[PDB]
Amino acid sequence: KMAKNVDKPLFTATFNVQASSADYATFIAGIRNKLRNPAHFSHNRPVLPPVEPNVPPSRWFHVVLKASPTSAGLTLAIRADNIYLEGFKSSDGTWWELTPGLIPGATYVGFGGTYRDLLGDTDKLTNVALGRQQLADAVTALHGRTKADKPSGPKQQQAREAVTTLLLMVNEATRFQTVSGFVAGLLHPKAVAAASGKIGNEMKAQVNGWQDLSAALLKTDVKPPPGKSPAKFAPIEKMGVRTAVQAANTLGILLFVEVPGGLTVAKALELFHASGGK
Ligand SMILES: Nc1ncnc2c1ncn2[C@@H]1O[C@H](COP(=O)(O)O)[C@@H](O)[C@H]1O
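Residues numbered from 1 in each chain as written, not as in the entry; some residues may be left out. Heavy atoms only, no water.

- Method information in the entry identifies X-ray crystallography as the source of the structure, with 1.700 Å recorded as the resolution.

- Per the PDB entry, the protein chain is named Protein synthesis inhibitor I, and its organism is Hordeum vulgare.
- Under the heading Sequence similarities, UniProt records this for the protein chain: "Belongs to the ribosome-inactivating protein family. Type 1 RIP subfamily." (UniProt positions renumbered as here; feature names shortened; annotations may be inferred.)

## Some words on the packing of helix α1 (residues 21-35) against helix α5 (residues 177-186)
Part 1: Interhelical geometry of α1 versus α5 gives an angle of 155° and a closest axis separation of 9 Å. Between α1 and α5, the interaxial angle falls into the category roughly antiparallel. The interaxial crossing formed by α1 with α5 has right-handed handedness. Taking contact as the criterion, the partners of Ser21, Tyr24, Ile28 and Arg32 in α1 are, on α5, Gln177, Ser180, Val183 and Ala184.
Part 2: Here the contact of α1 with α5 is composed, by residue class, of four nonpolar, three polar and one charged. (Axes fitted to C-alpha atoms, helices over the stretch in contact; angles between N-to-C directions. Helix = DSSP H or I, 4+ residues; strand = E, 2+ residues; numbered from the N terminus. Parallel < 35°, antiparallel > 145°, perpendicular 65-115°, else oblique. Left-handed = near helix turned anticlockwise from the far one by under 90°. Contact = heavy atoms within 4.5 Å. Nonpolar A, V, L, I, M, F, W, Y, C, P; charged D, E, K, R; others polar.)

## A word on the domain arrangement of the protein chain
Part 1: Per the domain assignment, the segments of the protein chain are domain 1 (1-174) and domain 2 (175-278).
Part 2: Using only C-alpha atoms to locate each centre, domain 1 and domain 2 end up separated by 20 Å.
Part 3: Contacts between the two partners involve 48 residues from domain 1, matched on the other side by 43 residues from domain 2.
Part 4: Taken together, both faces of the contact between domain 1 and domain 2 bury some 3800 Å²; the carbon and sulfur share is 63%.
Part 5: Inspection of the region where domain 1 meets domain 2 yields two salt bridges. (Domains from an automatic or database assignment. Buried area = accessible area lost by both parts, 1.4 Å probe. Salt bridge = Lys/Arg side-chain N within 4 Å of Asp/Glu carboxyl O.)

This is how it looks when you write it as structure tokens:
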């Protein structure tokens, strides 16, 4: 079934690609803040509300990426429950989708939104150059797409790399303080040489295990039966995350996961609604 409210975003976050590192950090933090379930934090990190059951994805936000403070932005359509990128809007007004048949009126771009779809393998995230120019070039490539272009092998490859670039610099940045901090570290004033960088294996593991890391921290919040010890964090060595404090420093915003003894989908959504959440 088709998604609802794709063009009725709960909020819009906007970033000028030439703006400062501080403004980028502010931009990412604001996304996390607007996505949060105000009734559910873990170690003072925000947790997303659960995914709504019995309905197709009906909660969305937009990210607008601008080449400059005056320029028309590239609009991204992202789910507000799991931060999945599913759509982007080019300058001619065409909505492109990463899943065939998901967004009403949209045109399928020719490939999917998983890293296997985009790179061939999730192990290849360590090969993707990130930085200010890569961000700007990705915005240019996707924003300039027109409905009438004849797709080509090279153009699709360009489009894949552009989507991958944005997924990392927007979506994964939102999910992980490690990734957002890394990207913030690549952004400098014009007086500084152009810079680019690739993520290491720890961040790759984090990106490929968001649910696992979210669940691992959530488990530590479960109050024990009386007369027993608080659950201890189970290390995830591949992510470089051995303790709950490290997990908290790593997680930008947690995916909601039902863990034994914790909130259910229904109860967390009940608390979300009671706190004003939409
Ligand atoms: N369209 C997407 N946008 C952003 N992240 C995604 C997308 N699809 C998959 N992921 C990531 O891949 C993980 C596994 O997704 P799945 O294929 O649904 O099991 C998710 O938890 C996300 O971290």
